[PDB]
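Input: a single structure, listed below in structure tokens.
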Amino acid sequence: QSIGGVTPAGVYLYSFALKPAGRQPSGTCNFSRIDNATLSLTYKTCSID
Amino acid sequence: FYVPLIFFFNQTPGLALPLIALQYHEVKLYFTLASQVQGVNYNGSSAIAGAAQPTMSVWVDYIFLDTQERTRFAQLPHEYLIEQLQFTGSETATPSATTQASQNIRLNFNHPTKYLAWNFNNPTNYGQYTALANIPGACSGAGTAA
Amino acid sequence: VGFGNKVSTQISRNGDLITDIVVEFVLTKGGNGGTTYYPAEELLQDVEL
Amino acid sequence: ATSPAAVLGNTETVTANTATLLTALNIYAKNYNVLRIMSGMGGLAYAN
Amino acid sequence: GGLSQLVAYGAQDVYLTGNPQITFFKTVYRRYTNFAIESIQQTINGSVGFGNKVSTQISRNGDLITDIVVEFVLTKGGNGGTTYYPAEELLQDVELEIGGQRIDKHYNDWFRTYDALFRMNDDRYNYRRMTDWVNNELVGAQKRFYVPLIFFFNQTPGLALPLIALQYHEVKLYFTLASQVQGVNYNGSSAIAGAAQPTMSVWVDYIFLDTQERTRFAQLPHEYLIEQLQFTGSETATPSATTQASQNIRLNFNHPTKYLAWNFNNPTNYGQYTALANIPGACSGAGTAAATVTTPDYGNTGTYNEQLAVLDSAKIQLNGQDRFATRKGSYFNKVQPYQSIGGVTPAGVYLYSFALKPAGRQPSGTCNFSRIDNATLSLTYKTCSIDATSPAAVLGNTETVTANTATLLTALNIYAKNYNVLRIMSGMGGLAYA
Amino acid sequence: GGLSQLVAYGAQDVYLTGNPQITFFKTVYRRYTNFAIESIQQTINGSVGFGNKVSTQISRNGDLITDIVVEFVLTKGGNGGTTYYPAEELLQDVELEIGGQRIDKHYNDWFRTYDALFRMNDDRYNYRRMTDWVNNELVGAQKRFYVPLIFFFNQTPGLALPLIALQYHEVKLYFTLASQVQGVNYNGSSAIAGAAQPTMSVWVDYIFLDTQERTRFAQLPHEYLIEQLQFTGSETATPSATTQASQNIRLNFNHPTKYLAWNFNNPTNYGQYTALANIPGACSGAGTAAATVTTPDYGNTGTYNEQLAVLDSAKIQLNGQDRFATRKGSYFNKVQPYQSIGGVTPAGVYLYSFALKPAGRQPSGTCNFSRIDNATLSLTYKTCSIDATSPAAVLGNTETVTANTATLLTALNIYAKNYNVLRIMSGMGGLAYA
Amino acid sequence: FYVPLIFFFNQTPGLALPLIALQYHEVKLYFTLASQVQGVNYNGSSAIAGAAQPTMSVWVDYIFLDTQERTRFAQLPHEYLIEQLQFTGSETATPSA
Amino acid sequence: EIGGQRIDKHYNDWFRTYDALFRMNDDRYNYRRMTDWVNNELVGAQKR
Amino acid sequence: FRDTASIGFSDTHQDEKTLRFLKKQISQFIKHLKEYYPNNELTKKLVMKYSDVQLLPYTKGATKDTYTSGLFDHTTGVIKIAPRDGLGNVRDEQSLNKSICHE
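Protein chains in written order, with the working numbering: chain A, 472 to 520; chain B, 3 to 148; chain C, 34 to 82; chain D, 5 to 52; chain E, 7 to 440; chain F, 7 to 440; chain G, 829 to 925; chain H, 129 to 176; chain I, 17 to 119.
What follows is the structure, encoded as structure tokens:
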């Protein structure tokens, strides 16, 4: 949606910006204005041989 | 799987659809799901016993405007230049092994058109726009006895 | 939701403007590699706006 | 189509015998219109 | 008794009987003009016989004309079961000319399609009695057949054509007789030795007006809202036994149209709108060892058995845009006429109305094809995979398939019925739009 | 979509939708008066039985009356196939009297003729279900029959008879019960031992009006446009195997006649309007060794096979002048009702309308015989040369011939339905014209 | 198969339901499908092995009015005299020999 | 969700924790009767 | 034409600020230890919890259109003087058009 390339497995991106690959600062998120900034991750089970 | 849509407002923020200025109109997406999907519930014409039914979810990315921008949209008329897709299906004059088949297809189209595009296909096999052949990537089993 | 079925959704007014739309599907292979071709694209037979 | 020599060594004006299976033709046209929004309602400026 | 129903009346009846406007127990009939009706024979120019084109000029015997019935005398060239509406088949077409202008034209197939959609119940049966042999008559039987015309002025006194107001213009009917009629002079492709040539007579029912009404018609301008039939015959994308054919048929139609109608047929067998099969009534010899699925049971050519029809689905586009959701052939065969006509339509015959009440005369919604540069009918056909000679296959099959013999249905007839105005003034007349 | 059609507006749509007058999508029903309908049993004076006369006085149990149904309970004197409309046959006649004066009268044969011409489809079947045994009932089977009357007030609320405006006149129905009813107490000429006598009951549907409506009926004068039936029986000139008998019958008729109707019959067998023959539905035992053409298959007495009808052709002459050109019997049997009624008329029954819509109440052209010094019906019969016992001859014959058994159709019934005015005022009434 | 509905607005154009003037209220149809259908999935009381489930679809005929009629419907209050079906089940007194 | 906003959310475990703390006596038992099989029911038993 | 003026998002009265809002209140008010201000002055704290709106207009006039109630759509036998409704089968448009096309 935002870059147009192909990201390899294991790498994740969450943009706030409309065009994160560019220089025009559109749609940013000011984290210093947010008390609790939490990334909540859920993992897959490690069952596959 | 994630299938992005390709409607005019799905390509640029420049055409973000003004739900804010559409207080009387709902915007809907109607979908038809294929009766068969190759390699998922059918192998060619053969149904795959035990194939699972799909799970579907539709996601829409929304823009939250600030007070002044939101208000202006809510209080203003808007004119968005949009794209539309026109489409008709036709029978390909059946190609012949003996001569060069030809065809004249009346194009029942309208509006300022950016471009035309077309393809020929075998309706049996989704995405098949070419003939099959025994060369390495052109048919099932290409390159061998089978 | 199912093969050959019709579904629809109303885009709720969950914001002011909309852009990207992504239809997610979960499919399971009915054969081995080499048997599918853009099957989620094929599954999405059509969409009307 | 089953013989690479014929499939790959052929001329500009010919194709595979299996090309006769390509019986469907899909013609598309992508155009412009104007989606007007006013007084809470949408519509299309150009009917046809 | 009933007085207790009358007495137990309240607030909920205010919308039914409060401040009453009408009653039902006292009818005022309208006093009307003085007139009389007479059926008068016209003289036919040209020789009547098979394959001939003949015509008649309508005599100025009365002041207005309404009903017209064409009489024929036909004989049976074989036994019962060999003919199918032969008088209808015989009258290949009729063209109506007023002032030298074509006003309208009907075809034998139209009469069959029209009947299939718009006549019903005992009207339909009686009509059949007027065009065919329906009491198991045998070879050599002779019968007087009537074929009422279906031009706008032949359906109601309301559109009576004022010949009296056409003092300088003549009105003519041109009739084409079929070169062959099944079970009369030809059995399939084989001529029937000794077959008789038909006789023919055209009868016009005239209205005689009294002095005041007659004077007004003769002197004043008249504008009639009338119907016209548009028709084009074309080739069918005949379905394969291996797949589903499709076809885009551009529609060369014009004027405000009430409805479209169409059928698929076999030109070699009049009225055959379906495939043939070894099931009762569906073919010659059906049900026994001698059954053949190349020759129909002519006396039972028509059927309601949709399995023998070929349309899978269809849609109409206007200027390249979908008019309505794509619908199944059975929608157009069974539901459309339910919704808009109220009768039963035989398999192989389809209707799509743009009008609320297409069977009436009062306009009730139309599609003006003069404003639709690219109207198109888009068809999808059934797969002709079913072995017609085996009932297990013919009767036990799926929605999307039909008989292998359905590939005999190579012709497609598309009709459109529209409005126009027949303007008559100063002794002359013609259409407002032409 | 639908919008693509609405937008497509042209010059030719102006006369359909410009300056609109109505909309189809929003209706306003008329507010009406307050009333109720009740079925009340009338007493029967006289003695109920075969061949007996009975009568009823319509008790003043409401303000206006409409429908009247005569109930009968009959027991089959034989098996299925032995009766034909026996309740219709039993009610030999009914006479309507107001104030001691005959207004109208119907006959069992009229009911059969009327039904043959004017009822149709499932109305006709449901009617048969109320007058006959139609589910193959067996000897001894008992059934309650309902024979509706067809006087002008028995067909429409619009002519409900205002008993409320007739304080000094009674309204009575006199009835004659048939001496014999086929398949009930007699089988052809033979009596059926042990046959039961009928049980009879007469029902009248009364209309209760509210205060304002009933007061107006009681105090105001009324002029009700009503129907009357004129009828005479005649001897049919008898045709033979060597000749086409012809006959000119002076019509002793009066009043503005809506239509004439007639039939030929074998008076022996109720409803037999055609010749008998050895073809599947044309005689007792048809199709087998026991077949006879002297006795009908009573349950299948009627037929649409004109080959068995006697009339060849006919015309009506007024004051020495031909009213219309001579037409074939099939014109009067099939075309007339096609054009004027819309149902199917069985062979042997004929109609000639002077009216555009003879099946309705509103007058639409009439022939006033009170102003015609000499009205005559001219009939030509077919040659009775066909051997009725031989299907080849019965079914393979020509237009101008019929069965040798057609000479048994020696009775002719000529009817005329006309319009008069029933004048009611100051508690009494009668007709405007004699 | 096509099963037409028999609600008051399904019988005449005169009672067409004005969705246009029902802007705030949705119109819904609730459909109950029988547990068993004779000759389709059951024969008398016996289930038919292998019987298919029905495929269902609902089609509605929508009338598009032109601007003046459309506007008039939207701006005015309306009253439609309609019919309703009342229904209750009862036990039949058992008839007897 | 009301008006597109989340007001609240439950989890099966929450229902269990909540019950463990706040329902009691016959309320708790009746609750169990509405969510489990408490009369020694056997395989195949069907309950709402 | 759904008649739903709702935003459909949590923005009407949600007050999506951080915990810093509690400090902003001390900026809106004048304090250093606010644990005693709302226990006494609750009206001002209710005054500092109010939303700012913006209204929206639109207008279309009215469609004064008579000629409705088309129940009997079979046919209608014209009155005796039919040339009062007879010259209405074709209006003045297809009557004036044929005269202008004469040039």
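Where is the CB? At the ideal position from N, CA and C, for every residue including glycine.
Residue range of the alpha helix (DSSP H) that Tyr485(A) falls in? Here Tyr485(A) belongs to no alpha helix (DSSP H), and DSSP marks it neither H nor E.
Can you tell me the Cβ-Cβ gap for residue 808(G) and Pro846(G), rounded? I've got them flagged as a contact below 8 Å. Only positions 829 to 925 of chain G appear in the structure, and residue 808(G) is not among them; the question remains open.
Measure the Cβ-Cβ separation of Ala320(E) and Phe338(E) and say whether it is below 8 Å. yes
9 Å Cβ cut-off: residues of chain I touching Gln77(B): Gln70, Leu71, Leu72 and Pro73
Nearest by alpha-carbon distance to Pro26(E): which of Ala17(F), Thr33(F) and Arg37(F) is it? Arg37(F)
Determine, for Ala135(B), whether the minimum Cβ-Cβ distance to residues of chain C falls below 8 Å. no
On the three-state DSSP scale, how would you describe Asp89(I)? coil
Minimum C-alpha distance to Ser497(A) - residue among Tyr32(B), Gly16(B), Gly41(B) and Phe33(B): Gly16(B)
First and last residue of the beta strand (DSSP E) that includes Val210(E)? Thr205 to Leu215
Residues of chain C with CB closer than 8 Å to the CB of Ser22(I), please, in chain order. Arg46
Applying a beta-carbon distance threshold of less than 9 Å, which residues of chain A neighbour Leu35(I)? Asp506 and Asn507
Could you work out which residues of chain I lie near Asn25(F), taking near to mean beta carbons separated by less than 7 Å? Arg107
Complete alpha helix (DSSP H) runs within the region 142-228 of chain E (minimum length 4 residues, chain order): 217-225
Kindly list, in the order they appear in chain K, the residues whose Cβ is closer than 7 Å to that of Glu897(G). Protein chains A, B, C, D, E, F, G, H and I are contained in the structure displayed, whereas chain K is not.
Taking the alpha-carbon positions, what's the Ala133(B) to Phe58(C) distance? 30 Å
Considering only residues of the same chain and omitting the five flanking positions on each side of residue 1(B), which have a CB-CB separation below 8 Å? The requested residue 1(B) is not part of the displayed model; chain B covers only 3 to 148.
Residues in the region 106-120 of chain B having any Cβ partner in chain D nearer than 9 Å: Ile107, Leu109, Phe111, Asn112, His113, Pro114, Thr115, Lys116, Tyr117, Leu118, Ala119 and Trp120
In the region 310-332 of chain E, which residues sit with their C-beta less than 9 Å from some C-beta in chain B, listed in chain order? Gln323, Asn325, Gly326 and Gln327
Just to confirm before moving on: does the CB-CB distance between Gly433(F) and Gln173(F) stay below 8 Å? yes
Between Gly305(F) and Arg100(I), what straight-line distance do the alpha-carbon atoms span, to the nearest angstrom? 57 Å
Taking the continuous alpha helix (DSSP H) assigned at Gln345(E), which residues delimit it? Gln342 to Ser346
Boundaries (first-last residue) of the beta strand (DSSP E) holding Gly47(D): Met45 to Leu48
Own chain partners of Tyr439(F) with C-beta closer than 6 Å, once the 5 adjacent residues on each side are dropped: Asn426
Report the residue from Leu414(E), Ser376(E) and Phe375(E) whose alpha carbon sits nearest the alpha carbon of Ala394(E). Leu414(E)
Give me the residue from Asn40(E), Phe375(E), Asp73(E) and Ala409(E) with the minimum Cα distance to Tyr212(E). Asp73(E)
Residues of the region 13-24 of chain D with Cβ closer than 7 Å to any Cβ of chain B, in chain order: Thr19, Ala20, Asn21, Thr22, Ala23 and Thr24
Residue from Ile170(F), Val177(F) and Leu144(F) with nearest C-alpha to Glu101(F): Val177(F)
Looking only at C-alpha atoms, which of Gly239(E), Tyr113(E) and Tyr90(E) sits nearest to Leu183(E)? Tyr113(E)
Spell out a yes or no on whether the region 250-265 of chain E and the region 288-296 of chain E are touching, meaning 3 or more CB-CB pairs, one atom from each, closer than 8 Å. no
One question on the structure: do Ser61(E) and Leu179(E) come within less than 8 Å of each other, judged by their Cβ atoms? yes
Using beta carbons (cut-off 8 Å, strictly below), is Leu909(G) in contact with chain E? yes
Quick check: is the beta carbon of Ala171(E) nearer than 8 Å to any beta carbon in chain I? no
7 Å CB neighbourhood of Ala353(E) in its chain, flanking five on each side removed: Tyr279, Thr280, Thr309, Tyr310, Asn311, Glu312, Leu314, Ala315 and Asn339
Backbone CA spacing between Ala295(F) and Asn284(F) [nearest angstrom]: 10 Å
If the cut is a Cβ gap below 7 Å, which residues of chain I does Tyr852(G) touch? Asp19
Closest to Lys111(E) by CA distance: which of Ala422(E), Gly435(E), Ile430(E) and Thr39(E) is it? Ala422(E)
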